[PDB]
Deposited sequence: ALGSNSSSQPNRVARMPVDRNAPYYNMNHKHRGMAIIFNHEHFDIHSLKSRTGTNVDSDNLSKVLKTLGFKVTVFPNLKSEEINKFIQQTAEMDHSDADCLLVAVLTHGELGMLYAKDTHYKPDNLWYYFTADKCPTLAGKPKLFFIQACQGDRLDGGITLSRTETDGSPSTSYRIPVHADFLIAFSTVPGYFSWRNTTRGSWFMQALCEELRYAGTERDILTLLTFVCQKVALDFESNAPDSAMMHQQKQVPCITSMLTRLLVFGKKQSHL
């Protein structure tokens, strides 16, 4: 049914293909939805992520402010390409959200739409390979006030091998600084710059969570309820092997 990219019992994914793979960034700064304010600072996240993913070997494509049908179209075409010579696929989305919802320029769609077309049955050439998703967007409007601490052939599931990283926990707000970008993307890019080549993905995202959890705290003196709030990312993994990028 599909080509075997690595032997059955390997502890690591085979990241020694000709290409690292495609990295698609859907960056959303402005919206044709009256209730949505501009996301000043997202271009800093976009530039920063694009730069680090290039050093890691990704062929990066940034899609600025697409309508929902546009995102869906490019996603399908990507799922339709031949990924035989790529180690993996990375999709990133920087935008506004609600629980179970992401916003395009014109309207909203379900986050599941991003990875739906990449299951092994729909995209055989990435079968057995890691499919990465990073989402910077709110998953609701709840706030985390934080707390102070003192003193020959083998078969696999078509849903295996997905890593889905949300900037925040379901139901919660996600924070963005207008001059430095989002907390999640600042921490993600910094950890990728420091150990992106040598550390496994889960360990790396564990430290990305630490950074977001410890080094950030909201400052909004004009709105007490939004002030001094905290945040922790939510990493969802279906990875069946360890992921270490290595150097191409």
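For this session: Note down, first to last, the deposited-sequence stretches for which the model contains no C-alpha atom.
Result: Gaps in the modelled chain, taken against the deposited sequence, lie at 1 to 12, 164 to 171, 269 to 272.
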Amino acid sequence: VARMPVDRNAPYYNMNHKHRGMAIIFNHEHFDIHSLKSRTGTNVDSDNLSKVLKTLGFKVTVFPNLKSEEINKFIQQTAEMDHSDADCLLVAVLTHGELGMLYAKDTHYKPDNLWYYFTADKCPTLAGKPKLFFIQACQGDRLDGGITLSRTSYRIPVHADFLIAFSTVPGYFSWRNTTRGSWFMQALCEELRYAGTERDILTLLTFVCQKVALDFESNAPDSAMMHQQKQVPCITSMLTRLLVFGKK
From here on, numbers count along this sequence of modelled residues.
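For this session: On mean C-alpha B-factor from the PDB entry, just flag whether 33 to 41 or 183 to 191 is the higher one.
Result: For C-alpha atoms only, the mean B-factor is higher in 33 to 41.
Problem set entry | 73 to 81 versus 160 to 168 - which carries the larger mean C-alpha B factor in the record | Mean B over CA atoms: larger for 73 to 81.
Exercise. Which is it among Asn113, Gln136, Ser153, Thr119: the one with the largest CA B-factor in the entry?
Worked result: Highest C-alpha B-factor among the listed residues goes to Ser153.
For this session: Quick one: which of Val91, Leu102, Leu94, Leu149 shows the highest Cα temperature factor in the PDB entry?
Result: Answer for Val91, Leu102, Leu94, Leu149: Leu149, with the highest C-alpha B-factor.
Exercise. How does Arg142 rank on Cα B-factor within its chain, lowest, middle or highest third?
Worked result: CA B-factor rank for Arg142: highest third.
Exercise. Would the CA B-factor of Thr203 place it in the lowest, middle or highest third of its chain?
Worked result: Lowest third of the chain for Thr203's C-alpha B-factor.
Problem set entry | Lowest, middle or highest third - CA B-factor, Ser174 | According to the entry, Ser174 has a C-alpha B-factor in the chain's middle third.
Problem set entry | Assigned third (lowest, middle, highest) for the C-alpha B factor of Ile25 | Answer is lowest: the recorded C-alpha B-factor places it there.
For this session: Sort the modelled residues of this chain by their C-alpha B factor and say whether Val244 lands in the lowest, middle or highest third.
Result: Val244: CA B-factor falls in the lowest third of its chain.
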